[PDB]
Amino acid sequence: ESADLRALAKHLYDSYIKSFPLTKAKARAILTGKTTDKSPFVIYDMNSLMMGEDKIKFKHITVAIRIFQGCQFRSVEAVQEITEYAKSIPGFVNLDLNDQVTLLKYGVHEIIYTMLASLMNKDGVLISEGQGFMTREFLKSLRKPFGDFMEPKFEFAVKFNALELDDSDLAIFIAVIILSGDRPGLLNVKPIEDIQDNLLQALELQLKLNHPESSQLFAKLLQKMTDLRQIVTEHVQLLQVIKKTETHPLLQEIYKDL
Amino acid sequence: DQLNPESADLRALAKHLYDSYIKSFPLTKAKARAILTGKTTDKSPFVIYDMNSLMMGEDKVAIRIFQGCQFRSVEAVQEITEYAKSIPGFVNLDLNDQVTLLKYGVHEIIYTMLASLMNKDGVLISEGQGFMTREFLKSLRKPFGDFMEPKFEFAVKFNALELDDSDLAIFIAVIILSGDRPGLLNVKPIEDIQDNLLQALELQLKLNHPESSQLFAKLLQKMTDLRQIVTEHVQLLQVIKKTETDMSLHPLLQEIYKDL
Ligand SMILES: CCO[C@@H](Cc1ccc(OCCN2c3ccccc3Oc3ccccc32)cc1)C(=O)O
């Protein structure tokens, strides 16, 4: 039923808004777009960093490393947002808690690199709630171990953004990724898929009404997950090698592995 | 529900791909399910489940079994190749782009075709005449016993979709005409052809499996499993390259494997 799918969308979008501070609109204004009225601190040098870090304020402060530990803080911060969001997806709370937890522990990575793309352009990604901007070439130029961490995220986002999806389209697409269903260790895989399908239908009507002129956008968007999985896979890989570099107590704890 | 000149051309594409499909690959899935379900015994499969069996299966090791899979795939590449030529637009693209799509597409497809030759217990071999068991394979010399396992895992969740050849023919095409492949020169032309193949598929499903809701989405996601599989395969494949040096990989499979 058209209306049903339409309201499921308004609801989810409404949730996307209260769960996520930096919406993609609010982030395009600030980014490559003019708007904003007053741009963010740009970090392109080892010196702009010290200045931005010392002036742009910061939470994760106690080079190539301090940056990594930077993502981590924001990620661990993201995950909390995504999770409070998942809890609004109709019927998510009603699933087996063991399942719910497995859906997050597994889909939280893709919902990040998905939303990261909203804060990206070919030359860099917004930082600190958009109050900053770290150039892309600065990042790829970091110490040997850390110069490939964010590069493949750029390569993806450049493609993902190709679809020019807005918030309301991403709110649904995101739901669809959480109510995955093929995550290892799931107990009652049925109600999950039962909801995803109810999410997938809403994505369709949504992507059809919001991008009528975009041919087979639904198909194209679904195949981007084949790209997210590869990022998250290739990512967790590097994330292993970093342990053959870093090798704390109460911190190493707060950052299990996100 | 209804019709329209729009859908019409697609259907004709659905039928064109299906025809060239049946024409390109000898062993379809239909003939595959026939053999596998011992319900139809107009001609049944010999079974290999241990060395003893394997030994007698020549009446009509872990290495030679390997040079078997290897050989089959060279022929499967050929079949997929010829099938590609028949894909509307493909032979019109830059000769290079063609070589690229065939490059990063042959396996993601060979593992699709492979699922229609499988079932939890085993897989068909030698045109469907034989049937090797998961167990036996999963018990070959230390390294060679991990090759096929991940295939079965996939074939299992894949076949779950319940797709028949007229569906695979379109999806098998949607795979070649990718566009997000490494080393492509002109892309939008490649993208355009596919956005069409996709249109065909989305219809061929909503029509051939009416009751199967969101089969279009469920199936596109399965493409992830294929990359992973190709990944894992190449690395295990990398190992046999250094441990077994007296052994030889096939030039074709060799030239097709040179990137991520
Ligand atoms: C080692 C070769 O790896 C190939 C890929 C590949 C792997 C498995 C395949 O399934 C083949 C199934 N099969 C088979 C399985 C086990 C032993 C022998 C044997 O021979 C035949 C003969 C006819 C049909 C099917 C088979 C295909 C390609 C490659 O990397 O390119």
# chains A, B, ... in the order shown; residues from 1 in each chain; ligands from 1
>>> residues_near_ligand(ligand="ligand 1", cutoff="10 Å", atoms="only C-alpha atoms and all ligand atoms", output="ChimeraX atom specification")
/B:27,62-77,106-107,109-111,113-115,117-118,122-134,137,144,147-148,151,230,233-234,236-237,240,249-250,252-254,256-257
>>> closest_atom_pairs(of="chain B", to="chain A", cutoff="9 Å", atoms="only C-alpha atoms", output="JSON lines")
{"residue": "B:180", "atom": "CA", "partner": "A:159", "partner_atom": "CA", "distance": 8.8}
{"residue": "B:195", "atom": "CA", "partner": "A:216", "partner_atom": "CA", "distance": 6.1}
{"residue": "B:196", "atom": "CA", "partner": "A:216", "partner_atom": "CA", "distance": 8.2}
{"residue": "B:198", "atom": "CA", "partner": "A:219", "partner_atom": "CA", "distance": 7.0}
{"residue": "B:199", "atom": "CA", "partner": "A:216", "partner_atom": "CA", "distance": 6.8}
{"residue": "B:202", "atom": "CA", "partner": "A:219", "partner_atom": "CA", "distance": 8.4}
{"residue": "B:213", "atom": "CA", "partner": "A:197", "partner_atom": "CA", "distance": 7.6}
{"residue": "B:214", "atom": "CA", "partner": "A:197", "partner_atom": "CA", "distance": 6.2}
{"residue": "B:216", "atom": "CA", "partner": "A:219", "partner_atom": "CA", "distance": 8.0}
{"residue": "B:217", "atom": "CA", "partner": "A:222", "partner_atom": "CA", "distance": 6.7}
{"residue": "B:218", "atom": "CA", "partner": "A:197", "partner_atom": "CA", "distance": 8.8}
{"residue": "B:220", "atom": "CA", "partner": "A:223", "partner_atom": "CA", "distance": 6.2}
{"residue": "B:221", "atom": "CA", "partner": "A:223", "partner_atom": "CA", "distance": 6.5}
{"residue": "B:222", "atom": "CA", "partner": "A:226", "partner_atom": "CA", "distance": 8.2}
{"residue": "B:223", "atom": "CA", "partner": "A:226", "partner_atom": "CA", "distance": 6.3}
{"residue": "B:224", "atom": "CA", "partner": "A:226", "partner_atom": "CA", "distance": 4.5}
{"residue": "B:225", "atom": "CA", "partner": "A:226", "partner_atom": "CA", "distance": 8.3}
{"residue": "B:227", "atom": "CA", "partner": "A:230", "partner_atom": "CA", "distance": 8.0}
{"residue": "B:228", "atom": "CA", "partner": "A:230", "partner_atom": "CA", "distance": 7.8}
>>> write_last_selection(atoms="C-alpha atoms", output="mmCIF file, in the first residue's frame")
data_model
loop_
_atom_site.group_PDB
_atom_site.id
_atom_site.type_symbol
_atom_site.label_atom_id
_atom_site.label_comp_id
_atom_site.auth_asym_id
_atom_site.auth_seq_id
_atom_site.Cartn_x
_atom_site.Cartn_y
_atom_site.Cartn_z
ATOM 1 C CA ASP B 180 32.732 -0.439 -11.521
ATOM 2 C CA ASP B 195 20.901 -0.374 -16.497
ATOM 3 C CA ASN B 196 18.982 -2.079 -19.259
ATOM 4 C CA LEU B 198 18.884 -4.728 -14.866
ATOM 5 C CA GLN B 199 15.537 -3.532 -16.172
ATOM 6 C CA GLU B 202 13.770 -6.810 -12.437
ATOM 7 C CA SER B 213 8.714 -10.632 -3.134
ATOM 8 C CA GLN B 214 11.916 -8.548 -3.357
ATOM 9 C CA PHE B 216 15.366 -8.627 -7.259
ATOM 10 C CA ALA B 217 17.018 -7.035 -4.231
ATOM 11 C CA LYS B 218 17.765 -10.349 -2.457
ATOM 12 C CA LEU B 220 21.656 -8.348 -6.239
ATOM 13 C CA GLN B 221 23.066 -8.527 -2.723
ATOM 14 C CA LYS B 222 24.283 -12.066 -3.347
ATOM 15 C CA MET B 223 26.875 -10.451 -5.587
ATOM 16 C CA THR B 224 28.875 -9.643 -2.433
ATOM 17 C CA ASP B 225 29.430 -13.303 -1.609
ATOM 18 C CA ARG B 227 33.683 -11.144 -4.634
ATOM 19 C CA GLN B 228 34.602 -12.575 -1.230
#
>>> residues_around(residues="residue A:73", least_positions_apart="2", cutoff="10 Å", atoms="only C-alpha atoms", output="list in words")
residues 59, 60, 61, 67, 68, 69, 70, 71, 75, 76, 77, 78, 254, 255 and 258 of chain A
>>> residues_around(residues="residue B:57", least_positions_apart="5", cutoff="8 Å", atoms="only C-alpha atoms", output="PyMOL selection string")
chain B and resi 46-48+130
>>> write_last_selection(atoms="C-alpha atoms", output="mmCIF file, in the first residue's frame")
data_model
loop_
_atom_site.group_PDB
_atom_site.id
_atom_site.type_symbol
_atom_site.label_atom_id
_atom_site.label_comp_id
_atom_site.auth_asym_id
_atom_site.auth_seq_id
_atom_site.Cartn_x
_atom_site.Cartn_y
_atom_site.Cartn_z
ATOM 1 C CA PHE B 46 28.182 -42.279 -10.584
ATOM 2 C CA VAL B 47 29.314 -41.144 -7.160
ATOM 3 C CA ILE B 48 32.755 -40.348 -5.725
ATOM 4 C CA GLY B 130 29.766 -37.853 -12.007
#
>>> atom_distance(atom1="atom CA of residue A:163", atom2="atom CA of residue A:17")
20.6 Å
>>> select_by_dssp(residues="stretch 71-223 of chain B", states="alpha helix (DSSP H)", output="ChimeraX atom specification")
/B:71-85,95-103,106-115,134-137,149-159,165-176,188-208,215-221,223
>>> atom_distance(atom1="atom CA of residue A:174", atom2="atom CA of residue A:161")
14.7 Å
>>> atom_distance(atom1="atom CA of residue B:37", atom2="atom CA of residue B:83")
27.5 Å
